[PDB]
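Chain and residue survey
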Amino acid sequence: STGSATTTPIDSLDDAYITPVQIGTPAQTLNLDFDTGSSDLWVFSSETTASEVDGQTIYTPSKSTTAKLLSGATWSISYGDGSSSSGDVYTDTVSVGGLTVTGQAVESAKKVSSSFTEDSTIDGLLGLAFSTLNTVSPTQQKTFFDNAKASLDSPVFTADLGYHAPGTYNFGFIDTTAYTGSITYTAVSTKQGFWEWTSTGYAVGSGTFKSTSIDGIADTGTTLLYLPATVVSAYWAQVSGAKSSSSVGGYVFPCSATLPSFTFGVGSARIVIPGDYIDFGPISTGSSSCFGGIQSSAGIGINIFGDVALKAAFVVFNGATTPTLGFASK
């Protein structure tokens, strides 16, 4: 089997991408944030504290003839941005782009943190990291991809995120028309539960490539590119007037600037992030200070190849017995 679904930016900055997901019988379609940095499929629901729902579409398990309470199971998650959610668990039929999994754990939120409530466009998350990170207790549950894998034509999914445009998540096949050149595959460590890999270096604009190992994660659920402070300083030094602002929370730059590209290495191959992809717009409405799309990871503990980096590539998440990642230009 295969599946193919369009993923759409939630706003004009590409802050996140939403993909329609069919849950239950009859189908309830929710728009979920596919997140290769986490491993829970959780949704706003008829159980979510009413004051914490503000425009989201909810899953109502009592209206699904295939929903079953997973007795005793609870979940609770905290994300790298400080947001969180928790609740109970149903199993139900879940379909993405024509690919159907029966008995998928659907984590129904009883509580969500304010950042979720305040984002009316995201109805939940669909985790695509390794199932070892799933938070369901006392019996950990499998991700959608883990449940689907054996049925897929090939045990892979691909992320093709658009810049200011829709893109595609495919399951079970690699669309050879969706990229240019060849796909370069690179090793993955699953020891932290992530799609963790090592970039071979970077370049700023037309500058020389610096060969240096940068360990980080491929994370579709993170907006920006978080890299070591040395790398980030070298990038922003090429933007007149850019500076790190402790009060804003990162590098800012004059909105009048033209940003240089940023290249990262995948083996001997190179992925070029155009400068425009690094502009996240005014820090507040009407400001002429703009927020940068490349930020320091120093306070995180891990480097993160988020959407800024991934949307410059066609990305293969190869879930074979020994997982690997593939990157192609497009």
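Method of structure determination, per the deposited record: X-ray crystallography was used for this entry, reaching 1.0090 Å resolution.

What about the overall build of the chain?
Scanning the chain from terminus to terminus reveals four helices and 24 strands. In terms of C-alpha radius of gyration, the chain reaches 20 Å, essentially the compact-globule figure of 20 Å for 330 residues. When the backbone C-alpha atoms are referred to their principal axes, the chain occupies close to 60 × 45 × 30 Å.

Focus on the UniProt feature "active site" in the chain
The residues that UniProt annotates with the feature "active site" are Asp35 and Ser199. Its place among the elements puts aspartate 35 in strand β3 (residues 28-35). Overall, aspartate 35 belongs to the buried group, its relative accessible area being 4%. Not counting chain neighbours up to four residues away, the residues in contact with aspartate 35 comprise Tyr79, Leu125, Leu126, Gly127, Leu128, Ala129, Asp219, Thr220 and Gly221. Topologically, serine 199 is positioned in strand β12 (residues 196-204). Classification of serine 199 as buried rests on a relative accessible area of 1%. Filtering out sequence-adjacent residues up to four positions away, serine 199 remains in contact with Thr212, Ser213, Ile214, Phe264, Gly265 and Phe305. A polar contact is formed between the side chain of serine 199 and the backbone oxygen of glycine 201, at a distance of 3.4 Å.

Structural notes on the nonpolar core
Core analysis: the largest hydrophobic core is formed by 68 residues, its most contacted members being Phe171, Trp236, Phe262, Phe264, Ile273 and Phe327. Take this core: its biggest share by element is four residues, from helix α3 (residues 229-236). Three or more residues apiece are contributed to this core by two domains, here domain 1 (5-174) and domain 2 (175-330). Excluding its chain neighbours within four sequence positions, the residues that come into contact with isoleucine 273 are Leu225, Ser261, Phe262, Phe264, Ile278, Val308, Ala309 and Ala312. By size, the runner-up hydrophobic cluster in this structure holds 16 residues, among which are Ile18, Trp42, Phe44 and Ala73.

What to know about the domain arrangement of the chain
In many analyses, interface size is given as the accessible surface area lost on bringing the parts together. Under the domain assignment used here, the chain contains domain 1 (5-174) and domain 2 (175-330). On a C-alpha basis, the centres of domain 1 and domain 2 stand 25 Å from each other. Contacts between domain 1 and domain 2 engage 30 residues on the former and 33 residues on the latter. Where the side of domain 1 that touches domain 2 is concerned, the elements lending two or more residues are β3, β9 (156-160) and β10 (167-171).

Some details on the sheet that holds β12
Pairing is mixed in the open sheet, where seven strands are placed in the order β18-β17-β12-β13-β22-β14-β21. Where the open sheet ends on each side, the last strands, each with one partner, are β18 (269-273) and β21 (294-296). On average, adjacent strands in this sheet sit at an angle of 45° to one another, irrespective of strand direction. Here β12 runs beside strand β17 (residues 262-266); their pairing, made up of three bridges, is antiparallel.

Description of the state of the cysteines
Counted by the stated rule, this structure contains one disulfide. Note that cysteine 255 is cross-linked by a disulfide to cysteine 290, the S-S spacing being 2.0 Å. Handedness of the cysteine 255-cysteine 290 disulfide follows from its S-S torsion of about 110°: it is right-handed. Of this pair, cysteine 255 sits in the loop between β16 (250-254) and β17 while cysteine 290 is found in strand β20 (residues 289-292), placing the two residues 35 residues apart along the sequence.

A few points about the environment of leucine 310
Along the polypeptide, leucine 310 turns up in helix α4 (residues 307-310). Sequence separation between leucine 310 and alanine 218 is 92 residues; the distance between their C-alpha atoms is 7.4 Å. Excluding residues that lie within four positions of it along the chain, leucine 310 makes contacts with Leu161, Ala218, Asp219, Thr220, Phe305, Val315, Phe327 and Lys330.

Quick notes on the pattern of salt bridges
Taken as a whole and judged by the stated rule, the model has two salt bridges. Put simply, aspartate 14 and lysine 311 hold a salt bridge, and the shortest N to O gap is 2.7 Å. With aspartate 14 in the loop between β1 (3-9) and β2 (17-23) and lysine 311 in the loop between α4 and β23 (314-318), this pair connects stretches of sequence that are 297 residues apart. Each member of the pair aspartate 14 and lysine 311 is classed as buried. Of the charged contacts, one joins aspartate 160 and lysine 330 as a salt bridge, the two residues approaching to 2.8 Å between their closest N and O atoms. Taken together, the positions of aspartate 160 in strand β9 and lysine 330 in the segment after β24 (324-328) put the pair 170 residues apart, joining distant regions of the chain. Take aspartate 160: its relative accessible area is 15%, and that puts it in the buried class. Taking relative accessible area as the criterion, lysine 330 reaches 38% and is therefore assigned partly exposed.

Rules and cut-offs
Residues numbered from 1 in each chain as written, not as in the entry; some residues may be left out. Heavy atoms only, no water. Residues with missing side-chain atoms left out of burial classes, pairs and counts. Helix = DSSP H or I, 4+ residues; strand = E, 2+ residues; numbered from the N terminus. Rg over C-alpha atoms; globule rule 2.2 N^0.38 Å. UniProt positions renumbered as here; feature names shortened; annotations may be inferred. Buried < 20%, exposed > 50% of the residue type's maximum accessible area, 1.4 Å probe, protein only. Contact = heavy atoms within 4.5 Å. Polar contact = N/O pair within 3.5 Å; in protein donor to acceptor, adjacent residues only side chain to side chain. Core = buried A, V, L, I, M, F, W, Y, C linked by side-chain atoms within 4.5 Å. Domains from an automatic or database assignment. Pairing = 2+ DSSP bridges. Axes fitted to C-alpha atoms, helices over the stretch in contact; angles between N-to-C directions. Disulfide = S-S within 2.5 Å. Salt bridge = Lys/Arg side-chain N within 4 Å of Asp/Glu carboxyl O.

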